[PDB]
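Notes for the one structure printed next.
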Amino acid sequence: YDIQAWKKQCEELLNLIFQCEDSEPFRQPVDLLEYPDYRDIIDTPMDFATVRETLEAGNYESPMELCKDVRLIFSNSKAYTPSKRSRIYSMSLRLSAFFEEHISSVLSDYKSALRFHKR
Ligand SMILES: NC(=O)c1cccc2c1OCCO2
């Protein structure tokens, strides 16, 4: 029932993601010189460094907010890819499966803690 425990849990999950080779294309904003049409397709860029900095600045109020920004990394990849068989898209699909497997208990525990506080 610790209402604050989600923040260190999210820090530790981001550490795991940064050690995974599949995260390398997504660690920093997409290079607009390498991909000059990116902003013709993608309205809101997102990357894992931006998520970690937002967390460390104290600008997420809940893990739901962090989870929305991480899911935007993956939806951007699915919208920008020219093929379902692209290398970088394949990497995002594996990394999304790993993230969803690990974020499930962080969300559950937070929502349980809030319900206990309200009881
Ligand atoms: N196939 C790709 O080039 C691509 C495919 C999916 C996501 C991307 C991609 O390139 C820029 C970074 O984000």
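Atom set for the values below is all heavy atoms of this structure, side chains included, hydrogens, waters and symmetry mates excluded. Positions are given from 1, in the same order as the sequence printed here.
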### Task
Check the surroundings of atom CG in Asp43: do more than 12 heavy atoms from other residues, nucleotides or ligands lie under 6.0 Å from it?
no
Here the gap from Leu66 atom CG to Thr54 atom OG1, rounded to the nearest 0.5 Å, amounts to 8.5 Å
- Query: In terms of hydrophobic clustering (I, L, V, M, F, W, Y; side-chain heavy atoms under 4.5 Å; direct or indirect links), are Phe26 and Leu32 co-clustered?
  - Reply: yes
Looking only at heavy atoms, the pair that brings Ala79 and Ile41 closest together is O-CG2, 3.8 Å
Worksheet item: Is there a chain of hydrophobic side chains (I, L, V, M, F, W, Y, each step under 4.5 Å between heavy atoms) that links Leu93 to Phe74?
Response: no
When clusters are formed by joining ILVMFWY residues with side-chain heavy atoms under 4.5 Å apart, either directly or through shared neighbours, do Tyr89 and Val70 land in the same one? no
If hydrophobic clusters are built by linking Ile, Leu, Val, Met, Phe, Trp and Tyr wherever their side-chain heavy atoms come under 4.5 Å apart, do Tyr38 and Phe48 end up in the same one?
yes
Around atom CZ of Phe18, are there more than 12 heavy atoms from other residues, nucleotides or ligands closer than 6.0 Å? yes
- Message: Assess whether a salt bridge exists between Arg71 and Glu100, defined as any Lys/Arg side-chain N lying under 4.0 Å from an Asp/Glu carboxylate O.
- Response: yes
CG (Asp109) and OG (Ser104) are apart, to the nearest 0.5 Å, by 9.5 Å
To the nearest 0.5 Å, atom OG1 of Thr44 lies from atom CE of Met46 at 7.5 Å
> According to a 4.5 Å side-chain heavy-atom criterion applied to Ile, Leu, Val, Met, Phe, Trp and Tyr, with indirect links allowed, do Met64 and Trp6 form part of one hydrophobic cluster?
Replying inline: yes
So CD1 of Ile88 and OG1 of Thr81: to nearest 0.5 Å the spacing works out to 8.0 Å
So CD of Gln4 and OH of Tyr110: to nearest 0.5 Å the spacing works out to 9.0 Å
Taking every heavy atom of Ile17 against every heavy atom of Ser23, the minimum-distance pair comes out as O-OG, 2.7 Å
In terms of heavy-atom contacts, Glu65 and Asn59 come closest through OE1-O, 4.2 Å
Just by distance, with hydrogens left out, do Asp69 and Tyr60 show a side-chain donor and acceptor under 3.5 Å apart? yes
Under the criterion side chain to side chain donor-acceptor pair (under 3.5 Å), I'd like the reasoning laid out for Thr50 against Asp47: C-alpha separation, chi angles, the key distance, then a yes or no. CA-CA 5 Å; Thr50 297; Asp47 67 281; 2.6 Å; yes
Exercise. Is the backbone of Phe98 close enough, under 3.5 Å, to the side chain of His102 for a donor and an acceptor to pair up by distance?
Worked result: yes
- [ ] Classify the ring geometry between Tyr80 and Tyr35 as parallel (under 30°), tilted (30 to 60°) or perpendicular (over 60°).
- [x] perpendicular
When rounded to the nearest 0.5 Å, the distance separating CZ of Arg27 from CG of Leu14 is 12.5 Å
